[PDB]
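J.: structural data only, the sequence is not supplied:
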């Protein structure tokens, strides 16, 4: 027996294209989420939901690695 | 246009009944999540997923409020 903890999912995608300079990293949401999403983490710690299909999101993922 | 941020959901429920003394508060997950869950927040800041069908879970919610 163990404690289990929550998962992070995106159900809406950001409509603002944030400056790439604010960003530290990205992750793709757990496969358990109903929809695939990118979560960007900013250098100040904010998490931003973004649509994996959008050109800007893809370009940012390429820059971030 | 605005940034949007992630949601917190539970996909598995804790099997350990945690001590009530460890707990600070609870919330029910957003209706955007694909299943209903309780998240307990411990006094030290940990978030724990729990099944609202379970008797102890409902008892704990009563005590916390």
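T.: Thanks, I have it. Residues are numbered from 1 along each chain as shown, chains lettered A, B, ... in the order given.

J.: tell me the contacts of the spatially most central residue of chain A?
T.: Chain A has residue A:39 as the residue nearest its centroid, 0.8 Å off, counting by Cα atoms, centre = their mean. Contact analysis of residue A:39 by Cβ atoms under 8 Å, 6 or more residues apart in numbering or on different chains lists A:8, A:10, A:26-29, A:47-50, B:6. All C-beta atoms are positioned from the backbone trio N, CA, C, and that covers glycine.

J.: wait, isn't residue A:40 in contact with residue A:60?
T.: Yes - judged on Cβ atoms under 8 Å, residue A:40 makes contact with residue A:60 at a distance of 7.1 Å.

J.: between these two, which contacts overlap?
T.: Shared contacts of residue A:40 and residue A:60, counting by Cβ under 8 Å, 6+ apart, come down to A:23, A:26, A:50.

J.: ok, the last one to residue B:5 distance?
T.: Same thing as residue A:50. 11 Å (Cβ to Cβ, to the nearest Å).

J.: repeat that for the second one.
T.: In this view, residue A:26 and residue B:5 are 14 Å apart by Cβ to Cβ.
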